[PDB]
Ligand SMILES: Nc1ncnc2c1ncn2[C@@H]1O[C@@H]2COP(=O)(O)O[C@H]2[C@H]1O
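In structure tokens, the next block holds one chain alone, the form solved without the named molecule.
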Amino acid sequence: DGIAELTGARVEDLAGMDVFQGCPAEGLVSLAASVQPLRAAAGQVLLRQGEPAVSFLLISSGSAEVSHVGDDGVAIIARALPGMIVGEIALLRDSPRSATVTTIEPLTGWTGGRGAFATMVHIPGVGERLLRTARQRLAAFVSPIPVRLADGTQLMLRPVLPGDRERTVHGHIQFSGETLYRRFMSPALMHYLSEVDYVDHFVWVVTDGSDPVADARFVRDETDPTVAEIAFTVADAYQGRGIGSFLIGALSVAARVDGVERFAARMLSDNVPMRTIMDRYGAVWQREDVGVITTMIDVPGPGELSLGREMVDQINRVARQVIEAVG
């Protein structure tokens, strides 16, 4: 009859989504209180590149184009699908929206702020599922680059994907999810952000027959954003084939996209292959205690790397895809 009703999200609608099915009821009651219903026609702009990222979208039905336009006018375009989160990385990093999001067909879902996202990823089972969805979001448009070493070895170069162990297994640089991302804030949230972040921690992985044989990464300095520390690891049997030499090149291409101007490196003074790699870039060595040496080099500009132009363009394409387009 004349009874009062809720105006917000309904648990019944949220619970219909596969990601929440079976979750504790109280978790959904809290979430329902935190998000708002969204219904969009086709061809409608939901989010605009460069704007404040005040919300994320969770898509219940329909799909959208996600288009990042570079200052060079080059458009880098992904697709957001039902069950997918959109806009959440810029939301969590409090940075301008990375891409314009336009529906390709009628769309429905929910919107929410940073607190709603936190509430959502705290629900048991949900954070892990959403990370799998974030993985799928990347893997849908980012493909590995086949490369061949001078000895003929056939490998693939790809960014780490969300959930991959190479994200969290690094022994060379002192840093973690909580230390790197604390400035932006909750374990579940920090984990999620660390797994989906290509801006402050960028990791390349090299595989042989789908098995990782090497990785390299840079970690952005908290005090000077134009500087990152670098690290490399190549499986023993694969060493001395030029992979490390290749990776510092790949890492430089990604750093340029990420606005990293300079790399810091530390190692033992006797690590000959690693010193040699840095020597090629004009390293000036400073001595520290306990057999350690350090250096700082400029990230080589375009044309400066010994990699072919075609190789550089392929790596640049992927780096832009993972940094710029997809969150």
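Each form is matched to the other, and the largest set of C-alpha atoms that superpose within 1.5 Å is called the rigid core. Note that residue numbering follows the sequence shown and begins at 1.
Although it is not shown, the form solved in complex with the named molecule is what the next lines describe.
Overlaying the named molecule from its position in the deposited bound form puts 3 or more ligand atoms within 2.4 angstroms of backbone or C-beta atoms here, which marks the pocket as blocked. Contact annotation: the named molecule lies within 4.5 Å of heavy atoms from the stretch 138-146 in the deposited bound form, the single such stretch among 199-207, 253-261, 138-146, 118-126. The contact residue chosen from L28, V299, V35, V66 relative to the named molecule in the deposited bound form is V66, the criterion being a non-hydrogen atom within 4.5 angstroms. Though the named molecule is absent from this view, in the deposited bound form it lies within 4.5 Å of a heavy atom of just one residue from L157, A228, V101, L193, which is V101.
Contact annotation for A90: at least one heavy atom lies within 4.5 Å of the named molecule in the deposited bound form. For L47, a non-hydrogen atom is located within 4.5 Å of the named molecule in the deposited bound form, even though that partner is not displayed. Although the partner is absent from this view, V219 stays clear of the named molecule in the deposited bound form, with no non-hydrogen atom inside 4.5 angstroms.
In the deposited bound form, at least one heavy atom of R79 sits within 4.5 Å of the named molecule. Only one candidate in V234, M156, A231, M84 has its Cα displaced by 2 Å or more between this form and the one not shown after core superposition: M84. Shown in the overlay between this form and the one not shown, fitted on the rigid core, is a CA shift at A264 smaller than 2 Å. Superposition on the rigid core between this form and the one not shown places the CA atom of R135 2 Å or more away from its counterpart. Superposed on the core, the two forms barely differ at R217: its CA moves less than 2 Å between this form and the one not shown. Between this form and the other one, the CA-CA gap for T233 and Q174 narrows by 3 Å or more, being smaller in the deposited bound form.
Three angstroms is the minimum change: in the deposited bound form, the CA atoms of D221 and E51 sit farther apart than in this structure, by 3 Å or more.
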